[PDB]
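> Just need the structure, nothing else, for what follows:
(2 chains)
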Amino acid sequence: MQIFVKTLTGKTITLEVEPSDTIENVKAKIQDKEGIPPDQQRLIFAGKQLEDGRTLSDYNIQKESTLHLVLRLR
Amino acid sequence: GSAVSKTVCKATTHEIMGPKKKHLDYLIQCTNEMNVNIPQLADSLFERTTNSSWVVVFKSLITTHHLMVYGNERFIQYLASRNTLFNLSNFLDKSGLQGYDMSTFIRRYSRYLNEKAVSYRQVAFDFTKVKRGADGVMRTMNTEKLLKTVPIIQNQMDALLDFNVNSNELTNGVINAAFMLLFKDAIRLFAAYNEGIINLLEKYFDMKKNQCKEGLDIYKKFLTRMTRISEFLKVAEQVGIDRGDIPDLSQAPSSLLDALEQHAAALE
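Numbers count the residues shown, from 1 in each chain, chains lettered A, B, ... in the order given. Take a look at the structure below.
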């Protein structure tokens, strides 16, 4: 499936994923498309920061859902 | 000197047209020359706001605005230091129907230049002229200054959107010239505002419980201002402005309130 990731500067990313993909794996794929080190990526959905070990399906992230990327300091 | 005051009067004739470029570019030239009597120049422009014609008064304000944007910084610095700047809270030109219509717009525009001057005094720089981008002033500001600073951006914005003109009221060359300078300030001020917000939202998740409260109210205000900025940008669209010059406000971080509220909830 297709999900979207909107950054604070306004860019919207399209990412190819599966509902079982970990949040840690989703960040690694954001690394591959945008260059952002996973250790500086806050991912947010339904108001909660998303935990690295939990999966997309654990957070109800389905097709066309939009995650928010907030950059962080190590 | 005598030439300055005479070019000020040329910028502010009773001709129903905005100040002329030749007179505005000369005045900009003035501000940058070494032995400029900035007070005398400013003094000449205030003197022309004492006039009874709306045409004169509004063109004197437009010239001042023009000179704050494009003149030497020394001009905006002097205006921001003055005790009283524009005292047009009671201005009314009863001469004709245009005067009556344009007098409310003079009162509002005079208020907006005063706020622009107060904004500069309060942070000691022009929000519309500071370095943009990921290493610019507003992106990199540290937390205390950021929280005191973004509210001053918002107060300037509010005074700009209070000009509140409809496109079908931009019916002569004076008010249009003011409008186009208001538009230029607005997109630059919104750029500074969106940038302060980005920074705020990044820092928010490592902030102290009571900085998140300041920051949360800043953000809620940012969202209400953005609905009113979009109405103003629709007036710009109507008048015919280049649509590549109008910001796309869908790119602003406008859907994070929930994240900010749950995170303040957790901090208690």
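> Would you mind measuring from residue B:100 to residue B:211?
Distance, residue B:100 to residue B:211, by C-beta to C-beta, to the nearest Å: 49 Å. From N, CA and C alone the C-beta is placed, and that goes for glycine too.
> Neighbour count for the two, which is higher?
Neighbour count, other C-beta atoms under 10 Å in any protein chain shown: between residue B:100 and residue B:211, residue B:211 has more, with 17 against 13.
> and the more buried one, how far is that from chain A?
Applying C-beta to the nearest C-beta, to the nearest Å, the value for residue B:211 to chain A is 15 Å.
> Quick check: next helix or strand after the helix or strand hosting that residue?
Element membership of residue B:211, judged by DSSP states H and E, is helix B:209-239. From helix B:209-239 onward toward the C-terminus, using DSSP H and E, the following helix or strand is helix B:257-266.
> Find out how far that next one is from the centre of the chain, if you would.
Relative to its chain's centre, helix B:257-266 lies at 32 Å (C-alpha atoms, centre = their mean, to the nearest Å).
> ditto for stretch B:127-144
With C-alpha atoms, centre = their mean as the basis, stretch B:127-144 stands 17 Å off its chain's centre.
> And it, end to end?
17 Å (C-alpha to C-alpha, to the nearest Å).
> which residue sits closest to whichever residue of chain A sits closest to chain B, ignoring its sequence neighbours?
Residue nearest to chain B within chain A: residue A:10 (3.0 Å; C-beta to the nearest C-beta). Counting by C-beta to C-beta, 6 or more residues apart in numbering or on different chains, residue A:10 lies nearest to residue B:251, which is 3.0 Å off, once chain neighbours are set aside.
> just residue B:56 next, same as before
What sits nearest to residue B:56 in space, not counting adjacent residues and going by C-beta to C-beta, 6+ apart, is residue B:12, at 5.2 Å.
> Repeat that for residue B:74.
Nearest residue to residue B:74 in three dimensions, chain neighbours excluded: residue B:38, at 5.4 Å (C-beta to C-beta, 6+ apart).
> In contact with residue 72, which residues are there?
Picked chain A for this. Residue A:72 makes contacts with A:40-42, B:202, B:205-206, as judged by C-beta atoms under 8 Å, 6 or more residues apart in numbering or on different chains.
> Chain B was what I was after
So residue B:72 contacts B:28, B:31-32, B:36 (C-beta under 8 Å, 6+ apart).
> Repeat the analysis, applying 7 Å as the threshold.
With contacts defined as C-beta atoms under 7 Å, 6 or more residues apart in numbering or on different chains, the neighbours of residue B:72 are B:31-32.
> which phi and psi does it have?
Note on residue B:72: backbone dihedrals following degrees, to the nearest 10 are phi -60, psi 140.
> Return the set of buried residues in stretch B:217-224.
For stretch B:217-224, the neighbour count (16 or more other C-beta atoms under 10 Å in any protein chain shown) marks B:218-219, B:221-222 as buried.
> Then stretch B:113-124?
Using 16+ other C-beta under 10 Å as the test for burial, stretch B:113-124 gives B:113-120.
> Closest one of those to chain A?
For the buried residues of stretch B:113-124, the nearest to chain A is residue B:119 (24.4 Å; C-beta to the nearest C-beta).
> Mind telling me what element that closest one is part of?
Per DSSP H and E: residue B:119 is located in helix B:97-123.
> Which secondary structure state is assigned to residue 15?
This is for chain A. Assigned by DSSP: H, G, I helix; E, B strand; the rest coil, the conformation of residue A:15 is strand.
> actually chain B
coil.
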